[PDB]
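Asker: Sending over a structure as structure tokens; questions will come in a sec.
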Amino acid sequence: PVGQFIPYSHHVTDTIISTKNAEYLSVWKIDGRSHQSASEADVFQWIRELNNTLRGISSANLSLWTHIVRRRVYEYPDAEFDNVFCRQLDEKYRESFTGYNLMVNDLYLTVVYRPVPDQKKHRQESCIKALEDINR
Amino acid sequence: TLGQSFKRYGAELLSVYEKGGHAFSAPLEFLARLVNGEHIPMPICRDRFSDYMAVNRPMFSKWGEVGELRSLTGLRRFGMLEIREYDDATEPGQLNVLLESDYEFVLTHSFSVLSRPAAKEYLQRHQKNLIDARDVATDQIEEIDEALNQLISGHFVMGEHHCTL
């Protein structure tokens with residue numbers, strides 16, 4: 001079902017979460033490049049370099065997922081500076097809060113192993129070593 | 001014994017203020033807030049008070065969703081949560097998060113003692129069931145037998161806790 005299919009039950013290790021059907025998951029938080037301030041030929045070169053890095057990924061029922069989130073980050077502490085002068089300048093800059101794009105984007109990628117007891121354990125160890133090489 | 005232990009707790013035994021004025025019953029007033037949250041004192045009768053304590057009326061029409069409350073002060077709504085999968089750690093700031101707590105909650109922890117034959121049976125069942133941990137990095141296979149050793153000493157006596165909120 002759309003809440004019971006039963007996709008997260010950790011039974012492997014630190015880096016890997018399991019499912020019911022021995023599908024295996026790991027997550028990478030990804031900060032990105034300064035391509036708003038980089039040469040686009042160099043950006044294209046990094047895309048090719050990352051693509052040649054992707055050529056090391058086999059087709060052994062491996063998949064990658066890329067979740068890119070844009071969220072409000074209102075959790076920034078908006079507090080007093082426990083004085084008078086820097087708190088005054090804090091308020092005089094705090095007048096500049098009227099909007100001005102207070103959301104931030106992040107980037108993340110899931111590595112997923114799919115397979116096609118001792119079979120599960122050895123498949124898990126294969127995911128472990130190959131994923132450690134992937135992460136390195 | 002509890003009055004000895006709670007001497008620094010400011011505690012007070014209830015049901016002593018029964019028979020005030022016209023035969024009031026002190027502790028059932030507490031059960032009133034268990035019944036319906038009202039402060040309604042229920043003096044003694046010629047009847048067992050389970051037959052009449054539901055003055056304001058709870059209702060369980062919703063099947064697991066938010067149920068209802070009929071009262072003379074208005075109509076109210078209520079919902080519940082249970083607790084399971086208890087982490088066996090005991091931090092000092094365990095439920096002191098409810099300082100503001102805009103929920104009007106009632107929190108019920110419940111405990112029954114174990115018969116020491118039944119405590120031995122429970123500890124043996126824990127030793128057979130939970131010793132098969134598969135490379136847990138939090139050291140859970142230590143507390144099971146140490147719990148048996150400390151129920152032998154009597155320090156870590158276990159019992160049937162359940163919680164509701």
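How things are named: the first chain in the structure tokens is A, the next is B, and so on; residues count from 1 in each chain; ligands count from 1 in the order shown.
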Need the shell around range 47-55 of chain A: protein/DNA/RNA residues with any atom at most 12 Å away, counting only C-alpha atoms. Skip same-chain ones fewer than 6 positions apart. Format as a list in words?
Answerer: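 Result of the neighbour search: residues 33, 35, 40, 41, 62, 63, 64, 133, 134, 135 and 136 of chain A.
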Asker: Please produce an output containing N, CA and C atoms for each residue in the selection, written as an mmCIF file, in the first residue's frame.
Answerer:
```
data_model
loop_
_atom_site.group_PDB
_atom_site.id
_atom_site.type_symbol
_atom_site.label_atom_id
_atom_site.label_comp_id
_atom_site.auth_asym_id
_atom_site.auth_seq_id
_atom_site.Cartn_x
_atom_site.Cartn_y
_atom_site.Cartn_z
ATOM 1 N N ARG A 33 28.446 22.525 -7.000
ATOM 2 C CA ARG A 33 29.464 23.388 -7.565
ATOM 3 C C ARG A 33 28.989 24.833 -7.590
ATOM 4 N N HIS A 35 28.586 26.863 -10.042
ATOM 5 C CA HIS A 35 28.461 27.087 -11.475
ATOM 6 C C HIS A 35 27.734 28.382 -11.797
ATOM 7 N N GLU A 40 31.716 27.753 -18.001
ATOM 8 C CA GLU A 40 30.771 26.741 -18.460
ATOM 9 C C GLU A 40 31.460 25.614 -19.211
ATOM 10 N N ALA A 41 32.611 25.895 -19.820
ATOM 11 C CA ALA A 41 33.418 24.822 -20.377
ATOM 12 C C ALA A 41 33.950 23.926 -19.273
ATOM 13 N N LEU A 62 21.717 -1.826 -10.334
ATOM 14 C CA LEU A 62 22.045 -0.668 -9.523
ATOM 15 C C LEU A 62 21.208 0.505 -10.000
ATOM 16 N N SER A 63 20.804 1.369 -9.078
ATOM 17 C CA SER A 63 20.130 2.582 -9.513
ATOM 18 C C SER A 63 20.533 3.736 -8.612
ATOM 19 N N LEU A 64 20.403 4.938 -9.152
ATOM 20 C CA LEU A 64 20.660 6.156 -8.416
ATOM 21 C C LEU A 64 19.410 7.011 -8.469
ATOM 22 N N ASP A 133 33.407 1.419 -2.160
ATOM 23 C CA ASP A 133 34.210 1.920 -3.272
ATOM 24 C C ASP A 133 33.503 3.055 -4.003
ATOM 25 N N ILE A 134 32.176 2.952 -4.149
ATOM 26 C CA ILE A 134 31.389 4.027 -4.748
ATOM 27 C C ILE A 134 31.513 5.304 -3.935
ATOM 28 N N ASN A 135 31.365 5.199 -2.616
ATOM 29 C CA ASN A 135 31.376 6.373 -1.750
ATOM 30 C C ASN A 135 32.760 6.997 -1.682
ATOM 31 N N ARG A 136 33.802 6.160 -1.690
ATOM 32 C CA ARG A 136 35.167 6.668 -1.726
ATOM 33 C C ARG A 136 35.440 7.411 -3.027
#
```
Asker: Can you tell me, as an mmCIF file with N, CA and C atoms, in the first residue's frame, what residues are no more than 10 Å from range 134-137 of chain B when counting only C-alpha atoms, ignoring any on the same chain fewer than 4 positions away?
Answerer:
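Resulting contents of around_24.cif:
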```
data_model
loop_
_atom_site.group_PDB
_atom_site.id
_atom_site.type_symbol
_atom_site.label_atom_id
_atom_site.label_comp_id
_atom_site.auth_asym_id
_atom_site.auth_seq_id
_atom_site.Cartn_x
_atom_site.Cartn_y
_atom_site.Cartn_z
ATOM 1 N N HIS A 11 18.190 -3.388 8.609
ATOM 2 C CA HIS A 11 18.715 -4.649 9.118
ATOM 3 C C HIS A 11 20.079 -4.957 8.516
ATOM 4 N N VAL A 12 20.842 -3.936 8.126
ATOM 5 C CA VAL A 12 22.090 -4.252 7.441
ATOM 6 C C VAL A 12 23.286 -3.734 8.223
ATOM 7 N N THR A 13 23.420 -2.414 8.294
ATOM 8 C CA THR A 13 24.611 -1.771 8.830
ATOM 9 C C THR A 13 24.312 -0.293 8.988
ATOM 10 N N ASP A 14 25.361 0.470 9.304
ATOM 11 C CA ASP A 14 25.243 1.920 9.374
ATOM 12 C C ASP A 14 24.782 2.498 8.046
ATOM 13 N N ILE B 141 22.939 -6.880 23.710
ATOM 14 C CA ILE B 141 23.032 -8.254 24.189
ATOM 15 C C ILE B 141 23.683 -8.329 25.566
#
```
Asker: Would you mind listing what lies within 9 Å of residue 3 in chain B as a PyMOL selection string, with only C-alpha atoms counted and same-chain residues fewer than 5 positions away left out?
Answerer: chain B and resi 11-13
Asker: Export N, CA and C atoms of the chosen residues as a PDB file, in the first residue's frame?
Answerer:
```pdb
ATOM      1  N   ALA B  11       4.791  15.417  48.841  1.00  0.00           N
ATOM      2  CA  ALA B  11       3.633  14.618  48.487  1.00  0.00           C
ATOM      3  C   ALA B  11       2.618  14.590  49.622  1.00  0.00           C
ATOM      4  N   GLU B  12       1.463  14.000  49.329  1.00  0.00           N
ATOM      5  CA  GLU B  12       0.332  13.992  50.246  1.00  0.00           C
ATOM      6  C   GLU B  12      -0.586  12.836  49.889  1.00  0.00           C
ATOM      7  N   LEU B  13      -0.916  12.014  50.874  1.00  0.00           N
ATOM      8  CA  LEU B  13      -1.836  10.912  50.643  1.00  0.00           C
ATOM      9  C   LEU B  13      -3.245  11.445  50.440  1.00  0.00           C
TER      10      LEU B  13
END
```
Asker: Which residues, written as a PyMOL selection string, have at least one atom at most 12 Å from residue 70 in chain A, with only C-alpha atoms counted and residues fewer than 3 positions away on the same chain left out?
Answerer: chain A and resi 67+73+101-108
